[PDB]
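*Asks:* Experimental structure and sequence below.
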Amino acid sequence: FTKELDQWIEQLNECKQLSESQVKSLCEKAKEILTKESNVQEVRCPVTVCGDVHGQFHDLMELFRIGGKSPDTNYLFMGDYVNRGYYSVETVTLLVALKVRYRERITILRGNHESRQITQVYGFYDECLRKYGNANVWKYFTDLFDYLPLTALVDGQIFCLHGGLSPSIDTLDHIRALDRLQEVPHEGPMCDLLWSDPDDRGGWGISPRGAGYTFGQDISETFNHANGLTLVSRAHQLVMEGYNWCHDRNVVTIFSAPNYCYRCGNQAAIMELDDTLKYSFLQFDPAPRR
Amino acid sequence: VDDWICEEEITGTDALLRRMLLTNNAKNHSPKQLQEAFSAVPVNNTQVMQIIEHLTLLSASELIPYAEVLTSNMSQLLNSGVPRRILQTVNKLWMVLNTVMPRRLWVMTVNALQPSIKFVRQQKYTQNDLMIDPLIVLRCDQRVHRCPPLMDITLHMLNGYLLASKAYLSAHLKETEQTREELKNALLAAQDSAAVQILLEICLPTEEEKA
Amino acid sequence: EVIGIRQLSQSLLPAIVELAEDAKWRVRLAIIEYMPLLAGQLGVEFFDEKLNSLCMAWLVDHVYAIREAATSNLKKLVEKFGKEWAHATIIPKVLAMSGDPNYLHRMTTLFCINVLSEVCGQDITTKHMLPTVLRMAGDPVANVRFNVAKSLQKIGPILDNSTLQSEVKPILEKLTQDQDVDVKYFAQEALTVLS
Ligand SMILES: [Mn+2]
Ligand SMILES: [Mn+2]
């Protein structure tokens, strides 16, 4: 009862979307898999951490050619598998299918674009509407996004989350105690958790975006010391160099989308934690297109 | 200076013993015979003892043929229950060979003292290979860390290759000119300090020694 | 093809070697694809003394595409430049890679075993790879274990039968009861394939 899933994975690698019934079955399986995952998903140390993809499917295949094919390479995607791209549906379907097939070998965390409103505005809803002639697939996927874990925790040291920290969150136990199965609110713990950014700042600050906060170096230092974390991996912001250390090597922003709307020209990078957390960033350029 | 002062005449008794014992025409001891003596199924320490004890009398020039067998088989000297005199005489012969045949002796000795679990273990540690990365000589079988003669050998090798690497990378940066000198000095200081740290960690009593 | 190997080797070979060290991995794999071509039109000794270590250099490369391209090229070279030559040149580096702490290099080793074992001859394949492959089965990383199971499934029919049973069957039985789900599935698949 798994050969069909491997066939779907093979089909998706050629960028061929599944039918509505297939997506429904996939979402059902994924929901039955994601419910058994805590908000802070523990992850074994050998894993390739990857930032945003934003539906740039050919760039996702570029990323796979860089870091290797799953399940031979463990992966960890920190949200934003949709919007700002012409192949959001294929990207999210491939990631969810990999999650269903190889749940131990891949972890997918909720992003700030994993929301009904953001998908309605920024064109994942429109892409689903065009590619399927109705909103049923969009409904199925946005229902699944409620179940994606908020954060991860690699070997109890590296803390991977899409966004930044929150003024009301200063313990991993608080994140574990959240009720993630809901829409991203306009404020509160998980909204800040998915929307916040670091900054060359002292203390907290209202984010330039419509939600979240901006936290300075001292904030990340106190959080890291209190929670016994060495690093706070993050993926919410664009990085021209592909990756960028912040706050005296306490926070690293990883962007895994070469270009961002096929116009920014930014490089991409993915962190590669080995068997002893000896990290390494593998940068790459956008793959050639027709 | 250790190799040069080794060559210095002490009392001349060695010349006397040369003229006296070597005249026996027991020079039938050959590298093939020594290799056969090493490769016995039992240890057979008596034959190798007699051969290498005889080789102490040999002058340095004619001792060059025995470089291959002595270095290749010194891994077998790490086994438990080897007599001390075997290692002492091997140390003496190695010092003589170093006085006359330094560079290739060092290359083959490092190639010989590999951990041996990797077998060949990249036997391509040529002269340049050690000259660029002196710390290779420290990547040796753990048993030498408690074998004082071969440890003394390894220390001689390490000092020589530190100086050699200094001169080598100086020459390399000169020829590749077609600042970097600061990076040269920093690399040399780091390399020497790293060698010192590795040696100091060797000096530590291990957990078994702690037990 | 139109200029001949001699003129190109005298002319473009150092430039090719310099290109092989390029930052862009796409350039590197473009250089990789011609090693069978250069190998066919050039003798074993010159390639061994010029490019063999360079070929080994690609195996430890960061990008996975480079590593798999080098793996396929190793298959091409071993089927082209003979078997004992690979034992004298290629196999020690693969064994050295088996001891690597980083798991991705060990996966490169397993892929190398997969490609080589088809055209490495039965006796060489068993008496070299099998001690190397079997020891890798006890690795803590589950990725390594299921890749070992897949490798045994793939190189199964190509080796001797008595060794097949006596060595492969117990460790695959061990892997079937291993806690990780993927290791279970791949070990069961390997056992069904072997029958
Ligand atoms: Mn984002
Ligand atoms: Mn984003």
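*Replies:* Looks like it arrived, so ask away. Numbers count the residues shown, from 1 in each chain, chains lettered A, B, ... in the order given. Ligands and ions are numbered 1, 2, ... in the order given.
*Asks:* can you list the residues of the stretch 151-290 of chain A near ligand 1?
*Replies:* residue A:236 (Cβ under 5 Å from the ion). For the C-beta atoms, the positions are set from N, CA and C on the backbone; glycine is no exception.
*Asks:* mind checking the SS state of the closest residue to chain B within the stretch 151-290 of chain A?
*Replies:* The stretch 151-290 of chain A approaches chain B most closely through residue A:278 (18.3 Å), counting by Cβ to the nearest Cβ. Residue A:278 carries the three-state label coil when classified by DSSP: H, G, I helix; E, B strand; the rest coil.
*Asks:* what sits against residue C:149?
*Replies:* Counting by Cβ atoms under 8 Å, 6 or more residues apart in numbering or on different chains, residue C:149 touches C:172, C:175, C:183, C:186, C:187, C:189, C:190.
*Asks:* Just the residues contacting the helix or strand where residue B:202 lies, thanks.
*Replies:* Secondary structure assigned from DSSP states H and E places residue B:202 in helix B:180-203. Contacts of helix B:180-203 with the rest of the structure, by Cβ under 8 Å, 6+ apart, involve B:134, B:135, B:138, B:145, B:155, B:158, B:162, B:165, B:166, B:169, B:170, B:173.
*Asks:* State the next helix or strand along the chain beyond it.
*Replies:* Using DSSP H and E, the next helix or strand after helix B:180-203 towards the C-terminus is helix B:207-210.
*Asks:* That following helix - contacts with which helices or strands?
*Replies:* With contacts taken as 3 or more Cβ pairs under 8 Å, 6 or more residues apart in numbering or on different chains; DSSP states H and E, helix B:207-210 sits against no other helix or strand.
*Asks:* Max pairwise distance over the contacts of helix B:180-203: which two?
*Replies:* Across these, the longest distance by Cβ to Cβ is 34.0 Å; it joins B:145 and B:173.
*Asks:* which of these two has more neighbours?
*Replies:* residue B:145 (17 against 14; other Cβ atoms under 10 Å in any protein chain shown).
*Asks:* State whether the more buried one is indeed within a strand.
*Replies:* No. Residue B:145 is assigned helix when assessed by three-state DSSP, not a strand.
*Asks:* Now do the contacts for residue 154.
*Replies:* Reading this off chain A. Counted by Cβ under 8 Å, 6+ apart, residue A:154 has contacts A:43, A:44, A:45, A:47, A:49, A:76, A:160, A:233, A:273, A:277.
*Asks:* try again with chain B
*Replies:* Residues in contact with residue B:154, defined by Cβ under 8 Å, 6+ apart, are B:113, B:137, B:138, B:140, B:144.
*Asks:* and if you look at residue A:87?
*Replies:* Neighbours of residue A:87 in contact, by Cβ under 8 Å, 6+ apart: A:15, A:55, A:56, A:57, A:58.
*Asks:* and the last one, how many residues sit next to it?
*Replies:* Applying other Cβ under 10 Å, we find 19 residues neighbouring residue A:58.
*Asks:* And the helices in the stretch 51-200 of chain A?
*Replies:* With DSSP state H, counting those that start in this stretch as the criterion, the stretch 51-200 of chain A has helices at A:57-67, A:88-101, A:116-122, A:124-132, A:136-145, A:172-176, A:189-195.
*Asks:* likewise chain B?
*Replies:* B:2-7, B:13-21, B:31-38, B:45-55, B:67-72, B:84-100, B:102-112, B:127-132, B:148-175, B:180-203, B:207-210 (DSSP state H).
*Asks:* Ligand 2 is nearest to which of those?
*Replies:* Ligand 2 sits nearest to helix B:180-203 of all those, at 39.3 Å, using Cβ to the ion.
*Asks:* Output the closest one in CSV with nothing but the alpha carbons.
*Replies:* Taking Å, rounded to 0.1, in the frame of the first residue of the first chain, the C-alpha atoms of helix B:180-203 are listed here in CSV:
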residue,chain,number,x,y,z
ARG,B,180,50.7,36.8,2.5
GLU,B,181,53.9,36.9,4.7
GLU,B,182,51.7,37.6,7.7
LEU,B,183,49.6,34.6,6.9
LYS,B,184,52.8,32.6,6.5
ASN,B,185,54.0,33.5,10.0
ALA,B,186,50.6,32.9,11.5
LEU,B,187,50.3,29.5,9.8
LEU,B,188,53.8,28.5,11.1
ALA,B,189,53.0,29.6,14.6
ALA,B,190,49.7,27.7,14.5
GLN,B,191,51.4,24.6,13.2
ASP,B,192,54.1,24.6,15.8
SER,B,193,51.6,25.2,18.6
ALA,B,194,49.4,22.5,17.3
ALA,B,195,52.3,20.0,17.3
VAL,B,196,53.1,21.1,20.9
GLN,B,197,49.5,20.5,21.9
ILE,B,198,49.3,17.1,20.3
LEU,B,199,52.5,16.1,22.1
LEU,B,200,51.2,17.4,25.4
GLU,B,201,48.0,15.4,25.0
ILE,B,202,50.2,12.4,24.3
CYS,B,203,51.8,13.0,27.6
